[PDB]
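Colleague: take this sequence and fold it.
(3 chains)
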Amino acid sequence: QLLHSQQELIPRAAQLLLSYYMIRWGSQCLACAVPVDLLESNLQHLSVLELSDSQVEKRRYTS
Amino acid sequence: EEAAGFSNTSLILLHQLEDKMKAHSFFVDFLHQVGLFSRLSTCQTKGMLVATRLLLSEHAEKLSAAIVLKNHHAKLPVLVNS
Amino acid sequence: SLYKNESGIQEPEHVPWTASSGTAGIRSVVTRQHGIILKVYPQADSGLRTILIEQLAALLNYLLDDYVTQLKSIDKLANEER
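Modeller: Numbers count the residues shown, from 1 in each chain, chains lettered A, B, ... in the order given. Below, you will see the structure:
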């Protein structure tokens, strides 16, 4: 049962390595410090373009 | 009084708006008298800072807007009610 | 004059409810209104069209005054960039 188990788990290991690559990269990928109202205006422009998922969410940026 | 209402419901709504304006005026005058209107500085709205004196002014402006809106409701009823 | 405090505290920035931030407010309505205008205008008669011009000019002056008020609301000493 070792022979087939490793062959089954190797693609799983590859995908999970990719996933935690993405996670560790996201943990260090920075986010811009911009005011909420500017992003609200940008989302409004998106909505004007007839774009869904343009939702506005009030969040408090850290200084 | 309300089972189906009497013949002056529109007037009651109008005078309710009138008393709303009167009460807003009384509150502003109260703040001026007690010196709290001068202490009115700011509040956080929609992510943008507004003086609360300005906020009360806008409250009064949109109260007058509601009054004139009831006037338009009376004058051109079908579209406004839709 | 009434909503201006006796001493007050000076801070930048203000937007009225009429100029409610974001174009989805009165401004998009205005834009769509002009887009609707241009279709009816060619067949509308002279007086009707004209009256549309005066009403439109009133609307535009109200909006630009909104913008002017928003601008003057800002007190710039380190905010010149914005």
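Colleague: now do the helices in the chain.
Modeller: This is for chain A. Assigned helices in chain A, in chain order: A:2-28, A:36-48 (criterion: DSSP state H).
Colleague: other chain: chain B
Modeller: Along chain B, the stretches classed as helices by DSSP H are B:9-34, B:36-39, B:52-75, B:77-81.
Colleague: of the ones you listed, which is nearest residue C:68?
Modeller: Among the helices of chain B, the nearest to residue C:68 by Cβ to Cβ is helix B:52-75 (15.4 Å). Any C-beta I mention is one placed from the backbone N, CA and C, and that applies to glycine too.
Colleague: what's the distance between the residue of chain C found nearest chain A and chain B?
Modeller: Closest approach between chain C and chain A, counting by Cβ to the nearest Cβ: residue C:22, at 4.6 Å. Going from residue C:22 to chain B by Cβ to the nearest Cβ, to the nearest Å gives 9 Å.
Colleague: same deal with residue C:34?
Modeller: 20 Å.
Colleague: can you pull the contacts of that residue?
Modeller: Counting by Cβ atoms under 8 Å, 6 or more residues apart in numbering or on different chains, residue C:34 touches residue C:56.
Colleague: geometric centre of chain A: which residue is closest?
Modeller: In chain A, the residue lying closest to the centroid (Cα atoms, centre = their mean) is residue A:26, at 7.3 Å.
Colleague: how far away is it from residue C:67?
Modeller: When distance is defined by Cβ to Cβ, to the nearest Å, residue A:26 is 40 Å away from residue C:67.
Colleague: do residue B:39 as well
Modeller: As judged by Cβ to Cβ, residue B:39 and residue C:67 stand 30 Å apart.
Colleague: and if you look at residue A:59?
Modeller: Counting by Cβ to Cβ, the gap from residue A:59 to residue C:67 is 28 Å.
Colleague: the more surrounded of those two?
Modeller: Using other Cβ atoms under 10 Å in any protein chain shown, the more surrounded residue of residue A:59 and residue C:67 is residue C:67, with 12 against 7.
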